[PDB]
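Data from run-v1.txt: compact mmCIF, C-alpha atoms and all ligand atoms
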```
# COMPACT_ATOMS: atom_id res chain seq x y z
CA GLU Q 1 0.00 0.00 0.00
CA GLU Q 2 2.86 2.33 -0.94
CA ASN Q 3 4.53 1.00 -4.11
CA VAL Q 4 3.35 2.63 -7.31
CA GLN Q 5 2.69 1.68 -10.91
CA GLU Q 6 2.22 4.24 -13.67
CA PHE Q 7 0.44 3.56 -16.94
CA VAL Q 8 0.07 5.44 -20.20
CA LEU Q 9 -3.06 4.51 -22.20
CA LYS Q 10 -3.35 5.36 -25.88
CA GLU Q 11 -6.75 6.22 -27.34
CA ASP Q 12 -9.19 3.29 -27.13
CA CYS Q 13 -7.10 1.35 -24.56
CA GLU Q 14 -7.98 0.18 -21.07
CA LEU Q 15 -6.01 -0.51 -17.96
CA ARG Q 16 -7.16 -3.85 -16.53
CA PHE Q 17 -6.16 -4.63 -13.00
CA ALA Q 18 -7.06 -6.87 -10.09
CA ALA Q 19 -6.39 -5.94 -6.47
CA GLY Q 20 -4.32 -8.38 -4.44
CA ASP Q 21 -6.12 -10.91 -2.29
CA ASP Q 22 -4.76 -9.07 0.75
CA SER Q 23 -5.08 -5.29 0.25
CA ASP Q 24 -6.67 -2.24 -1.39
CA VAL Q 25 -5.53 -0.71 -4.69
CA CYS Q 26 -5.94 3.02 -5.14
CA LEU Q 27 -6.40 4.33 -8.67
CA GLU Q 28 -5.81 7.94 -9.76
CA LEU Q 29 -6.35 9.45 -13.18
CA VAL Q 30 -3.48 11.92 -13.54
CA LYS Q 31 -3.87 13.15 -17.15
CA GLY Q 32 -6.62 13.05 -19.72
CA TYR Q 33 -9.98 11.34 -19.45
CA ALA Q 34 -11.10 7.86 -18.51
CA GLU Q 35 -14.14 5.87 -17.38
CA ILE Q 36 -14.75 2.65 -15.44
CA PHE Q 37 -17.64 0.59 -16.81
CA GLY Q 38 -19.18 3.78 -18.20
CA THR Q 39 -18.74 6.13 -15.23
CA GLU Q 40 -16.37 9.02 -15.96
CA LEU Q 41 -13.40 9.33 -13.57
CA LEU Q 42 -12.62 12.66 -11.96
CA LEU Q 43 -9.10 13.93 -12.64
CA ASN Q 44 -6.81 13.50 -9.58
CA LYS Q 45 -9.56 11.89 -7.48
CA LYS Q 46 -8.26 8.87 -5.58
CA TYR Q 47 -10.48 5.79 -5.98
CA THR Q 48 -9.81 3.07 -3.40
CA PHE Q 49 -10.70 -0.45 -4.57
CA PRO Q 50 -10.95 -3.31 -2.08
CA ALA Q 51 -9.11 -6.66 -2.14
CA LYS Q 52 -9.94 -8.82 -5.18
CA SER Q 53 -11.58 -5.96 -7.16
CA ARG Q 54 -11.41 -6.58 -10.91
CA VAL Q 55 -11.56 -3.34 -12.88
CA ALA Q 56 -11.00 -1.81 -16.31
CA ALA Q 57 -10.38 1.89 -16.79
CA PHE Q 58 -10.96 2.70 -20.46
CA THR Q 59 -10.13 5.90 -22.30
CA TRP Q 60 -11.58 7.18 -25.61
CA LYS Q 61 -8.85 9.81 -26.06
CA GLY Q 62 -5.81 8.78 -23.99
CA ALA Q 63 -4.96 8.90 -20.31
CA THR Q 64 -2.26 8.51 -17.68
CA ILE Q 65 -3.21 6.49 -14.61
CA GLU Q 66 -1.39 5.75 -11.32
CA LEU Q 67 -2.09 2.67 -9.15
CA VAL Q 68 -0.90 2.64 -5.57
CA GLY Q 69 -0.68 -0.70 -3.72
CA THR Q 70 -0.19 -4.39 -4.53
CA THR Q 71 -1.92 -5.71 -7.64
CA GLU Q 72 -2.40 -9.34 -8.62
CA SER Q 73 -2.28 -8.19 -12.25
CA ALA Q 74 -2.21 -4.87 -14.08
CA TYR Q 75 -1.81 -4.35 -17.81
CA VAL Q 76 -3.00 -2.10 -20.64
CA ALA Q 77 -5.19 -3.82 -23.25
CA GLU Q 78 -5.23 -2.19 -26.71
CA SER Q 79 -8.23 -3.99 -28.16
CA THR Q 80 -11.67 -3.93 -26.54
CA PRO Q 81 -15.31 -4.16 -27.72
CA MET Q 82 -16.03 -0.70 -26.24
CA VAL Q 83 -17.09 0.94 -29.53
CA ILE Q 84 -19.58 -1.90 -29.99
CA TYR Q 85 -21.11 -1.10 -26.59
CA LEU Q 86 -21.18 2.64 -27.51
CA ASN Q 87 -22.86 1.92 -30.83
CA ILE Q 88 -25.58 -0.09 -29.04
CA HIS Q 89 -26.22 2.92 -26.86
CA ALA Q 90 -26.15 5.19 -29.93
CA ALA Q 91 -28.76 3.06 -31.72
CA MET Q 92 -31.05 3.03 -28.68
CA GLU Q 93 -30.90 6.82 -28.41
CA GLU Q 94 -31.74 7.08 -32.13
CA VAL Q 95 -34.86 4.98 -31.49
CA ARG Q 96 -35.82 7.28 -28.58
CA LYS Q 97 -35.48 10.37 -30.79
CA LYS Q 98 -37.55 8.81 -33.60
CA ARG Q 99 -40.31 7.88 -31.17
CA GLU Q 100 -40.15 11.34 -29.54
CA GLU Q 101 -40.80 13.04 -32.92
CA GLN Q 102 -43.57 10.52 -33.64
CA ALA Q 103 -45.40 11.29 -30.38
CA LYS Q 104 -46.13 9.69 -24.87
CA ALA Q 105 -43.03 8.10 -26.43
CA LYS Q 106 -41.93 4.60 -25.36
CA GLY Q 107 -38.21 3.96 -24.97
CA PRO Q 108 -36.44 0.95 -26.54
CA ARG Q 109 -36.17 -2.24 -24.50
CA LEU Q 110 -32.99 -4.22 -24.62
CA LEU Q 111 -32.51 -7.80 -23.46
CA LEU Q 112 -28.97 -8.91 -22.74
CA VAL Q 113 -28.45 -12.68 -22.99
CA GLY Q 114 -25.61 -15.17 -22.95
CA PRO Q 115 -23.90 -17.77 -20.81
CA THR Q 116 -22.17 -17.14 -17.48
CA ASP Q 117 -19.13 -14.83 -17.35
CA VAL Q 118 -19.31 -13.12 -20.68
CA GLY Q 119 -19.53 -9.71 -19.00
CA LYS Q 120 -23.30 -9.33 -19.11
CA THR Q 121 -23.66 -7.35 -15.88
CA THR Q 122 -20.71 -5.12 -16.88
CA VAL Q 123 -22.23 -4.47 -20.29
CA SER Q 124 -25.63 -3.66 -18.67
CA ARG Q 125 -23.76 -1.22 -16.40
CA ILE Q 126 -22.00 0.45 -19.31
CA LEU Q 127 -25.28 0.81 -21.28
CA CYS Q 128 -27.18 2.22 -18.25
CA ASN Q 129 -24.35 4.71 -17.56
CA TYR Q 130 -24.31 5.82 -21.18
CA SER Q 131 -28.07 6.36 -21.08
CA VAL Q 132 -27.72 8.48 -17.93
CA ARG Q 133 -24.83 10.49 -19.45
CA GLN Q 134 -27.14 11.10 -22.42
CA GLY Q 135 -29.66 12.67 -19.99
CA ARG Q 136 -32.05 9.69 -19.96
CA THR Q 137 -33.33 7.67 -17.02
CA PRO Q 138 -33.59 4.02 -18.08
CA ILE Q 139 -35.04 1.22 -15.99
CA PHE Q 140 -32.57 -1.51 -15.21
CA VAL Q 141 -34.27 -4.89 -14.84
CA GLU Q 142 -32.47 -7.70 -13.11
CA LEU Q 143 -33.77 -11.18 -13.84
CA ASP Q 144 -30.70 -13.04 -12.51
CA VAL Q 145 -31.77 -14.58 -9.20
CA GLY Q 146 -28.24 -15.91 -8.51
CA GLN Q 147 -25.94 -12.99 -9.18
CA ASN Q 148 -28.23 -10.04 -8.62
CA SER Q 149 -26.89 -6.48 -8.79
CA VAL Q 150 -30.11 -4.82 -7.50
CA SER Q 151 -31.25 -6.77 -4.43
CA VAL Q 152 -30.36 -9.98 -2.54
CA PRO Q 153 -30.02 -13.36 -4.30
CA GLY Q 154 -33.36 -15.03 -5.01
CA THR Q 155 -35.03 -11.87 -6.28
CA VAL Q 156 -36.19 -10.44 -9.57
CA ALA Q 157 -35.78 -6.65 -9.33
CA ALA Q 158 -35.97 -3.36 -11.19
CA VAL Q 159 -34.65 0.12 -10.52
CA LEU Q 160 -34.92 3.52 -12.17
CA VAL Q 161 -31.39 4.64 -12.92
CA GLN Q 162 -30.96 8.40 -12.45
CA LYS Q 163 -27.25 8.58 -11.68
CA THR Q 164 -24.19 6.87 -13.10
CA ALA Q 165 -22.85 3.98 -11.03
CA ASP Q 166 -20.38 4.82 -8.28
CA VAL Q 167 -17.05 3.52 -9.69
CA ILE Q 168 -16.44 1.58 -6.48
CA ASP Q 169 -20.00 0.77 -5.20
CA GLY Q 170 -22.03 0.36 -8.41
CA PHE Q 171 -25.51 1.78 -8.85
CA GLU Q 172 -27.37 3.54 -6.07
CA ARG Q 173 -30.46 1.46 -5.66
CA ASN Q 174 -33.16 4.10 -5.13
CA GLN Q 175 -36.41 2.32 -4.16
CA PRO Q 176 -36.19 -0.83 -6.32
CA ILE Q 177 -39.26 -2.90 -7.18
CA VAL Q 178 -38.37 -6.30 -5.76
CA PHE Q 179 -40.06 -9.71 -6.06
CA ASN Q 180 -38.99 -12.53 -3.81
CA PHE Q 181 -38.37 -15.60 -5.92
CA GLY Q 182 -36.61 -17.31 -2.99
CA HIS Q 183 -34.13 -19.53 -4.85
CA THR Q 184 -30.68 -19.04 -6.42
CA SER Q 185 -31.65 -20.49 -9.81
CA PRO Q 186 -34.85 -20.42 -11.95
CA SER Q 187 -34.69 -24.25 -12.21
CA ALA Q 188 -35.80 -24.51 -8.58
CA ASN Q 189 -39.28 -23.23 -9.61
CA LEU Q 190 -39.69 -22.41 -13.31
CA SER Q 191 -43.40 -21.58 -13.27
CA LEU Q 192 -42.99 -19.16 -10.35
CA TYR Q 193 -39.91 -17.55 -11.99
CA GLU Q 194 -41.93 -16.97 -15.21
CA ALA Q 195 -44.95 -15.67 -13.24
CA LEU Q 196 -42.62 -13.25 -11.42
CA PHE Q 197 -40.93 -11.73 -14.44
CA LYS Q 198 -44.31 -11.41 -16.15
CA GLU Q 199 -45.69 -9.71 -13.03
CA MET Q 200 -42.63 -7.46 -13.07
CA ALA Q 201 -43.30 -6.54 -16.73
CA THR Q 202 -46.98 -5.81 -16.01
CA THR Q 203 -46.05 -3.67 -12.98
CA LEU Q 204 -43.41 -1.72 -14.95
CA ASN Q 205 -45.82 -1.11 -17.84
CA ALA Q 206 -48.31 0.50 -15.46
CA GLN Q 207 -45.55 2.44 -13.57
CA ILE Q 208 -44.27 4.12 -16.76
CA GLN Q 209 -47.79 5.33 -17.66
CA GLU Q 210 -47.36 7.76 -14.73
CA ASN Q 211 -43.73 8.73 -15.46
CA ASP Q 212 -42.84 10.04 -18.91
CA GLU Q 213 -39.07 10.16 -18.27
CA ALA Q 214 -38.94 6.52 -17.21
CA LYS Q 215 -41.15 5.58 -20.19
CA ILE Q 216 -38.79 7.08 -22.78
CA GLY Q 217 -35.77 5.97 -20.71
CA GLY Q 218 -36.57 2.44 -21.90
CA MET Q 219 -35.27 -0.75 -20.31
CA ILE Q 220 -32.00 -2.61 -20.04
CA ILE Q 221 -32.82 -6.16 -18.94
CA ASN Q 222 -30.13 -8.55 -17.56
CA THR Q 223 -30.92 -12.29 -17.74
CA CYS Q 224 -29.22 -15.10 -15.88
CA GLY Q 225 -26.52 -17.21 -17.55
CA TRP Q 226 -28.82 -20.27 -18.00
CA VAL Q 227 -29.01 -20.58 -21.83
CA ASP Q 228 -29.48 -24.37 -22.33
CA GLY Q 229 -32.65 -26.45 -21.86
CA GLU Q 230 -35.39 -24.67 -19.89
CA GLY Q 231 -33.13 -21.61 -19.52
CA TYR Q 232 -33.47 -21.02 -23.26
CA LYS Q 233 -37.27 -21.00 -23.01
CA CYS Q 234 -36.99 -18.41 -20.18
CA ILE Q 235 -35.08 -16.07 -22.53
CA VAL Q 236 -37.81 -16.37 -25.18
CA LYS Q 237 -40.60 -15.83 -22.58
CA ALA Q 238 -38.72 -12.81 -21.15
CA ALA Q 239 -38.34 -11.29 -24.62
CA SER Q 240 -42.12 -11.66 -25.10
CA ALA Q 241 -43.17 -10.50 -21.58
CA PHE Q 242 -41.03 -7.34 -21.74
CA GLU Q 243 -41.86 -6.70 -25.42
CA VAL Q 244 -38.18 -6.13 -26.18
CA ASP Q 245 -37.02 -4.34 -29.36
CA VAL Q 246 -33.39 -5.47 -29.21
CA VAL Q 247 -31.66 -8.63 -28.08
CA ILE Q 248 -27.92 -8.54 -27.48
CA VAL Q 249 -26.31 -11.96 -27.41
CA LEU Q 250 -22.85 -12.01 -25.74
CA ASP Q 251 -20.44 -14.70 -27.02
CA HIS Q 252 -22.80 -17.52 -28.00
CA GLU Q 253 -23.17 -18.21 -31.68
CA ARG Q 254 -25.59 -21.14 -31.31
CA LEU Q 255 -27.86 -19.13 -29.01
CA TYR Q 256 -27.76 -16.25 -31.52
CA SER Q 257 -28.66 -18.69 -34.36
CA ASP Q 258 -31.57 -20.15 -32.36
CA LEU Q 259 -33.05 -16.82 -31.32
CA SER Q 260 -32.85 -15.47 -34.89
CA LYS Q 261 -35.29 -18.18 -36.02
CA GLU Q 262 -37.62 -17.89 -33.00
CA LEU Q 263 -37.98 -14.18 -32.15
CA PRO Q 264 -40.54 -12.05 -34.03
CA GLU Q 265 -38.93 -10.53 -37.15
CA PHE Q 266 -39.25 -6.95 -35.81
CA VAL Q 267 -36.74 -7.76 -33.01
CA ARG Q 268 -33.19 -6.64 -33.79
CA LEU Q 269 -30.71 -9.31 -32.71
CA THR Q 270 -27.04 -8.41 -32.35
CA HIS Q 271 -24.22 -10.84 -31.57
CA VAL Q 272 -21.29 -9.30 -29.76
CA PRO Q 273 -18.02 -10.80 -28.45
CA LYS Q 274 -17.10 -10.89 -24.74
CA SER Q 275 -14.26 -8.68 -23.57
CA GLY Q 276 -10.92 -10.41 -23.07
CA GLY Q 277 -10.91 -8.79 -19.62
CA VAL Q 278 -13.86 -10.83 -18.26
CA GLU Q 279 -12.88 -13.08 -15.30
CA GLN Q 280 -14.18 -16.65 -15.54
CA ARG Q 281 -15.35 -17.47 -12.00
CA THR Q 282 -15.75 -20.80 -10.20
CA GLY Q 283 -18.92 -22.03 -8.46
CA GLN Q 284 -17.09 -21.54 -5.16
CA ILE Q 285 -16.36 -17.84 -5.78
CA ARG Q 286 -19.91 -17.33 -7.10
CA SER Q 287 -21.22 -18.72 -3.80
CA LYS Q 288 -18.97 -16.41 -1.74
CA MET Q 289 -20.22 -13.55 -3.92
CA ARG Q 290 -23.89 -14.29 -3.21
CA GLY Q 291 -22.84 -14.19 0.48
CA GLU Q 292 -21.19 -10.78 0.07
CA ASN Q 293 -24.33 -9.51 -1.66
CA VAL Q 294 -26.46 -10.48 1.36
CA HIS Q 295 -23.87 -8.90 3.67
CA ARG Q 296 -24.05 -5.69 1.57
CA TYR Q 297 -27.85 -5.56 1.62
CA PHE Q 298 -27.73 -5.20 5.44
CA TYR Q 299 -24.40 -3.51 6.12
CA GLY Q 300 -23.86 -1.41 3.00
CA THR Q 301 -20.36 -0.68 1.76
CA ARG Q 302 -17.11 0.75 3.13
CA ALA Q 303 -17.97 4.03 1.37
CA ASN Q 304 -21.61 4.16 2.55
CA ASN Q 305 -22.20 1.97 5.60
CA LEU Q 306 -25.63 0.84 6.59
CA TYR Q 307 -26.51 0.30 10.24
CA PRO Q 308 -29.02 -2.58 10.51
CA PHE Q 309 -31.04 -3.33 13.66
CA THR Q 310 -31.08 -6.56 15.62
CA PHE Q 311 -34.24 -7.16 17.67
CA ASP Q 312 -36.57 -9.91 18.80
CA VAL Q 313 -39.95 -10.52 17.17
CA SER Q 314 -42.81 -12.51 18.67
CA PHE Q 315 -44.19 -15.36 16.55
CA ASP Q 316 -47.62 -14.10 17.63
CA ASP Q 317 -46.99 -10.80 15.84
CA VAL Q 318 -45.98 -12.25 12.42
CA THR Q 319 -47.16 -14.86 9.94
CA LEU Q 320 -44.49 -16.94 8.21
CA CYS Q 321 -45.25 -18.37 4.78
CA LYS Q 322 -43.58 -20.03 1.74
CA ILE Q 323 -44.48 -20.22 -1.97
CA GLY Q 324 -44.46 -23.68 -3.56
CA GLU Q 325 -45.32 -24.85 -7.22
CA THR Q 326 -47.89 -22.03 -6.97
CA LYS Q 327 -49.45 -22.44 -3.51
CA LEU Q 328 -48.73 -20.35 -0.43
CA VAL Q 329 -48.22 -22.46 2.70
CA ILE Q 330 -48.28 -21.15 6.27
CA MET Q 331 -45.04 -22.00 8.09
CA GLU Q 332 -45.00 -23.02 11.71
CA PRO Q 333 -42.05 -21.32 13.46
CA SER Q 334 -39.31 -23.93 13.62
CA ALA Q 335 -35.57 -24.42 14.19
CA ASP Q 336 -35.14 -24.78 10.40
CA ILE Q 337 -35.93 -21.09 9.63
CA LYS Q 338 -32.68 -20.02 11.35
CA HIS Q 339 -30.19 -18.29 8.98
CA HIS Q 340 -32.85 -17.81 6.30
CA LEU Q 341 -33.82 -14.57 4.63
CA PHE Q 342 -37.48 -13.65 4.81
CA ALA Q 343 -39.12 -11.01 2.69
CA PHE Q 344 -41.54 -8.45 4.06
CA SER Q 345 -44.49 -8.85 1.73
CA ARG Q 346 -46.46 -5.77 0.65
CA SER Q 347 -49.68 -7.81 0.80
CA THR Q 348 -51.38 -7.17 4.14
CA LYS Q 349 -52.67 -10.74 4.30
CA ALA Q 350 -50.96 -14.11 3.91
CA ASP Q 351 -53.25 -15.10 0.99
CA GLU Q 352 -53.24 -15.64 -2.79
CA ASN Q 353 -51.93 -12.07 -3.15
CA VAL Q 354 -48.48 -12.76 -1.58
CA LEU Q 355 -47.38 -14.71 -4.69
CA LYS Q 356 -47.60 -11.68 -7.05
CA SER Q 357 -46.89 -8.95 -4.46
CA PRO Q 358 -43.62 -7.05 -4.42
CA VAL Q 359 -41.72 -6.83 -1.13
CA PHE Q 360 -40.60 -4.01 1.21
CA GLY Q 361 -37.29 -5.68 1.80
CA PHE Q 362 -35.67 -8.50 3.71
CA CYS Q 363 -34.66 -9.57 7.17
CA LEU Q 364 -32.33 -12.34 8.32
CA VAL Q 365 -33.33 -14.74 11.08
CA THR Q 366 -30.29 -15.02 13.34
CA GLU Q 367 -31.73 -16.92 16.31
CA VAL Q 368 -34.90 -18.87 17.09
CA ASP Q 369 -36.16 -19.28 20.66
CA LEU Q 370 -38.97 -21.80 20.34
CA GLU Q 371 -39.73 -21.79 24.08
CA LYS Q 372 -40.23 -18.01 24.32
CA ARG Q 373 -41.87 -18.07 20.83
CA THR Q 374 -39.53 -15.38 19.53
CA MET Q 375 -36.94 -15.01 16.83
CA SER Q 376 -34.04 -12.62 16.54
CA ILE Q 377 -33.78 -10.86 13.20
CA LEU Q 378 -31.41 -8.52 11.44
CA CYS Q 379 -33.46 -5.82 9.71
CA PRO Q 380 -32.74 -2.61 7.70
CA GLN Q 381 -35.23 -0.68 9.82
CA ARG Q 382 -36.17 -0.25 13.49
CA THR Q 383 -39.52 -2.02 13.16
CA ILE Q 384 -40.82 -4.54 10.65
CA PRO Q 385 -42.53 -2.91 7.64
CA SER Q 386 -44.90 -5.88 7.27
CA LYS Q 387 -46.38 -8.63 9.43
CA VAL Q 388 -46.23 -11.11 6.53
CA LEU Q 389 -42.84 -12.80 6.25
CA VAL Q 390 -42.12 -14.83 3.12
CA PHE Q 391 -39.54 -17.61 3.20
CA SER Q 392 -36.46 -17.60 1.00
CA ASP Q 393 -34.20 -20.64 0.71
CA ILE Q 394 -31.20 -18.23 0.67
CA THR Q 395 -29.20 -18.58 3.92
CA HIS Q 396 -26.48 -16.41 5.44
CA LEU Q 397 -24.22 -16.69 8.46
CA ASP Q 398 -23.63 -13.12 9.69
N1 LIG Q 401 -13.05 -5.37 -19.59
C1 LIG Q 401 -12.83 -5.86 -18.34
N2 LIG Q 401 -11.61 -5.80 -17.73
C2 LIG Q 401 -11.38 -6.28 -16.49
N3 LIG Q 401 -12.37 -6.85 -15.76
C3 LIG Q 401 -13.63 -6.97 -16.26
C4 LIG Q 401 -13.94 -6.48 -17.60
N4 LIG Q 401 -15.24 -6.73 -17.83
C5 LIG Q 401 -15.73 -7.35 -16.73
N5 LIG Q 401 -14.76 -7.47 -15.80
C6 LIG Q 401 -14.88 -8.10 -14.46
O1 LIG Q 401 -15.09 -9.51 -14.62
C7 LIG Q 401 -16.02 -9.98 -13.63
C8 LIG Q 401 -17.25 -10.60 -14.32
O2 LIG Q 401 -18.01 -9.61 -15.02
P1 LIG Q 401 -19.62 -9.63 -15.16
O3 LIG Q 401 -20.05 -8.49 -16.03
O4 LIG Q 401 -20.17 -9.77 -13.75
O5 LIG Q 401 -19.91 -11.01 -15.94
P2 LIG Q 401 -21.35 -11.74 -16.07
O6 LIG Q 401 -21.52 -12.29 -17.47
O7 LIG Q 401 -22.49 -10.81 -15.71
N6 LIG Q 401 -21.17 -13.06 -14.95
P3 LIG Q 401 -22.55 -13.94 -14.37
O8 LIG Q 401 -23.78 -13.11 -14.64
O9 LIG Q 401 -22.19 -14.12 -12.91
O10 LIG Q 401 -22.53 -15.22 -15.14
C9 LIG Q 401 -16.34 -8.77 -12.77
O11 LIG Q 401 -15.39 -8.69 -11.69
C10 LIG Q 401 -16.08 -7.60 -13.68
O12 LIG Q 401 -15.75 -6.44 -12.94
MG MG Q 402 -23.97 -11.05 -14.34
```

Spell out the structure here as structure tokens.
Ligand SMILES: Nc1ncnc2c1ncn2[C@@H]1O[C@H](COP(=O)(O)OP(=O)(O)NP(=O)(O)O)[C@@H](O)[C@H]1O
Ligand SMILES: [Mg+2]
Amino acid sequence: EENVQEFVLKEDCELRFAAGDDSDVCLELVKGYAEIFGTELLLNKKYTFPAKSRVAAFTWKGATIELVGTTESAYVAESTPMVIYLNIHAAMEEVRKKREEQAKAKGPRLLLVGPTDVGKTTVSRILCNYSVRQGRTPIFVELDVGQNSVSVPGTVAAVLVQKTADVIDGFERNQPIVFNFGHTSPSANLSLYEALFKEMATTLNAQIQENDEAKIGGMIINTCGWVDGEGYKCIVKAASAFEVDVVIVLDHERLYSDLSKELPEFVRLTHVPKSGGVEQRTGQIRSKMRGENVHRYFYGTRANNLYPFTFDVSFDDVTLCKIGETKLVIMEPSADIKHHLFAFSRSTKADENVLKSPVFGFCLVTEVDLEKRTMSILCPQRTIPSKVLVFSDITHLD
């Protein structure tokens, strides 16, 4: 945390680096202009990245960048797909302008698809940032229940993006619409997963009728990496449910070939390569990452800490329930709920409505005292926002 590496980037180059397993890396742009996944860097601002961060700082015009601290790897790459990503943004904006002159105008809807670790989340981040920098407010839709960049694992979620991502923390999640799926993969309950994203689409369609900026902002929709078997059919159903105009396939020629023959002819399908900077991650690291996501939901980040409450709740004061493949079941408080997330349902009653109701948020059950009929929960707020708690199979040791 003291030794220094200096890099000169020519136009259209990016510095790719990974922080050591053991320490922070601090990046500073010292000359020119640069961006990290679409967010512009401020000249001479010091950006501190935590252990194991994997980052690319790209420049359109040329830049000089300093890194302070131990890196596992740091090199300048001279060939990237960045112009491709920019041209996708450019095309979307063109569509917005055309529909604005025709008109309230509906923004383009883009579905990003492809297998795991082709940079789908990063590309969605770049596209959302570019939209924001264009003065638009797109809706980012997260359909990946495993690796979710909006809420905890086991959710389908959407958020109006009004500010570029923080280079370190990612997007500010200002009042997301969140549905509790309750599993880390769609395969655990396919019919529910489909019902949820269709409910999401319906909800969003009504929301944007009341908000013209969001309506023309359009949608950038991230799917999970499940592209084979039933995962393929989910992509097709998502494209239909969200009425997408554009499908971007990342690094999967077969999937691109299949969708070309299946999607309605009006849908523009674009195949794009993955960046050579994308890290291929193991199941083990993916699991640790879901864990860190849960931790972040309650405790926030090093930049912006959250201070969650720990208090006891009487089993007389709540109803516990679980979905599933369609039926709600009332759960009797038990030892087996310990370590599980529960969602605070927006439905006032534990009835048919829970299934299609969004949630206020989550709590984590840390202890269960069956004798006293109480549980200890970790919760974002001082009191529970709902008396209806919906089971999630996602567990976390805090
Ligand atoms: N051009 C790049 N240079 C360096 N690192 C990158 C680059 N693009 C992506 N990464 C990093 O590689 C990792 C994987 O990127 P990500 O966009 O999450 O892939 P993904 O396809 O969404 N993976 P998943 O959805 O979990 O199957 C993250 O740490 C990114 O920050
Ligand atoms: Mg992803």

Enumerate residues in contact with ligand MG 402 (chain Q): an atom-to-atom distance of at most 7 Å, counting all atoms listed in the file. Format the result as an mmCIF file with C-alpha atoms, in the frame of the given file.
```
data_model
loop_
_atom_site.group_PDB
_atom_site.id
_atom_site.type_symbol
_atom_site.label_atom_id
_atom_site.label_comp_id
_atom_site.auth_asym_id
_atom_site.auth_seq_id
_atom_site.Cartn_x
_atom_site.Cartn_y
_atom_site.Cartn_z
ATOM 1 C CA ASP Q 117 -19.130 -14.830 -17.350
ATOM 2 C CA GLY Q 119 -19.530 -9.710 -19.000
ATOM 3 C CA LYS Q 120 -23.300 -9.330 -19.110
ATOM 4 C CA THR Q 121 -23.660 -7.350 -15.880
ATOM 5 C CA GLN Q 147 -25.940 -12.990 -9.180
ATOM 6 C CA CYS Q 224 -29.220 -15.100 -15.880
#
```

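Minimum atom-to-atom distances from Q:109, Q:252, Q:89, Q:237 to ligand LIG 401 (chain Q) were compared using all atoms listed in the file, and the lowest value belongs to Q:252.
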
Set out as CSV a contact list for chain Q and ligand LIG 401 (chain Q) with a cut-off of 8 Å, giving each residue of chain Q that qualifies its closest atom pair and distance in Å to one decimal, counting all atoms listed in the file, ordered by chain and rising residue number.
```
residue,atom,partner,partner_atom,distance
Q:14,CA,Q:LIG401,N1,7.7
Q:15,CA,Q:LIG401,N2,7.7
Q:16,CA,Q:LIG401,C2,4.9
Q:17,CA,Q:LIG401,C2,6.5
Q:18,CA,Q:LIG401,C2,7.7
Q:37,CA,Q:LIG401,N4,7.8
Q:53,CA,Q:LIG401,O11,6.5
Q:54,CA,Q:LIG401,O11,4.6
Q:55,CA,Q:LIG401,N3,4.6
Q:56,CA,Q:LIG401,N2,4.3
Q:57,CA,Q:LIG401,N2,7.8
Q:80,CA,Q:LIG401,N1,7.2
Q:114,CA,Q:LIG401,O6,7.4
Q:115,CA,Q:LIG401,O10,6.4
Q:116,CA,Q:LIG401,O10,3.0
Q:117,CA,Q:LIG401,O6,3.5
Q:118,CA,Q:LIG401,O6,4.0
Q:119,CA,Q:LIG401,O3,3.3
Q:120,CA,Q:LIG401,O7,3.8
Q:121,CA,Q:LIG401,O7,3.7
Q:122,CA,Q:LIG401,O3,3.5
Q:123,CA,Q:LIG401,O3,6.2
Q:124,CA,Q:LIG401,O3,7.8
Q:144,CA,Q:LIG401,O8,7.2
Q:146,CA,Q:LIG401,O9,7.7
Q:147,CA,Q:LIG401,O9,5.4
Q:223,CA,Q:LIG401,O8,7.8
Q:224,CA,Q:LIG401,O8,5.9
Q:225,CA,Q:LIG401,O10,5.1
Q:275,CA,Q:LIG401,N1,5.3
Q:276,CA,Q:LIG401,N1,6.5
Q:277,CA,Q:LIG401,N2,3.6
Q:278,CA,Q:LIG401,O1,4.1
Q:279,CA,Q:LIG401,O1,4.3
Q:280,CA,Q:LIG401,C8,6.9
Q:281,CA,Q:LIG401,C8,7.5
Q:286,CA,Q:LIG401,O9,7.0
```

(request) Would you list the contacts of residue 226 in chain Q as a ChimeraX atom specification, taking every protein, DNA or RNA residue within 9 Å and counting all atoms listed in the file, but skipping same-chain residues closer than 4 positions in sequence? (result) /Q:114-116,185-186,230-232,234-235

Let's have the selection written as a JSON list (two decimals), in the coordinates of the input, with C-alpha atoms.
```json
[["chain", "number", "residue", "atom", "x", "y", "z"],
["Q", 114, "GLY", "CA", -25.61, -15.17, -22.95],
["Q", 115, "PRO", "CA", -23.90, -17.77, -20.81],
["Q", 116, "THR", "CA", -22.17, -17.14, -17.48],
["Q", 185, "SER", "CA", -31.65, -20.49, -9.81],
["Q", 186, "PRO", "CA", -34.85, -20.42, -11.95],
["Q", 230, "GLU", "CA", -35.39, -24.67, -19.89],
["Q", 231, "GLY", "CA", -33.13, -21.61, -19.52],
["Q", 232, "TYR", "CA", -33.47, -21.02, -23.26],
["Q", 234, "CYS", "CA", -36.99, -18.41, -20.18],
["Q", 235, "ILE", "CA", -35.08, -16.07, -22.53]]
```

(message) Counting all atoms listed in the file, which residues sit no farther than 8 Å from the position (4.7, 2.3, -12.7) in the file's frame? I'd like them as a PyMOL selection string.
(response) chain Q and resi 4-7+66-67

(request) Determine, counting all atoms listed in the file, which protein, DNA and RNA residues have an atom within 6 Å of an atom of range 374-388 of chain Q; residues of the same chain fewer than 5 positions away are not included. Present the result as a list in words. (result)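 Here the qualifying residues turn out to be residues 308, 309, 310, 311, 312, 313, 314, 315, 318, 319, 344, 345, 363, 364, 365, 366, 367, 368 and 369 of chain Q.
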